[PDB]
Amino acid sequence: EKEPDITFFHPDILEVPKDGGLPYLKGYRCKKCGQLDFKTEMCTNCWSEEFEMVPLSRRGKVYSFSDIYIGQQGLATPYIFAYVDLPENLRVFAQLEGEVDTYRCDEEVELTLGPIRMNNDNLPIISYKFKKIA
């Protein structure tokens, strides 16, 4: 299609400030019941549609991960993905930057941006990932 496929994921989860400020993940807190979640049309706990935007911590912690040697079609292998827990008590699934056989559970990691896959036009989709701090 000459109307392009996406090159970014996703404006309601990963905030890239237009003035060049550091990107951050964001959640949305239900104003009725207080549930924090990623962006959704209605609160899955109480069905309210009234929210407040909550910027999320850029530091998280690898809860678990796996080195992927046989993965999705079209992604370069090996790659790594993980459950990354944020201190706001939200869990984010994301790729980890780096080499196989180097991550451990409960390791601290920091948000970063990079290509997570190629789109239908064979151009990279840029999204959030996490990387080692030191």
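Residue positions are given as counts along the sequence shown, with the first one as 1.
In this entry, 75-83 has the higher mean Cα B-factor, the comparison being between 75-83 and 42-50. When 123-131 is weighed against 1-9, 1-9 comes out higher, by mean CA B-factor as recorded in the entry. The PDB entry assigns residue 67 a C-alpha temperature factor belonging to the highest third of its chain's modelled residues. When the modelled residues of the chain are ordered by their C-alpha B factor, residue 103 lands in the highest third. Annotation for residue 14: CA B-factor lies in the lowest third of the chain's modelled residues.
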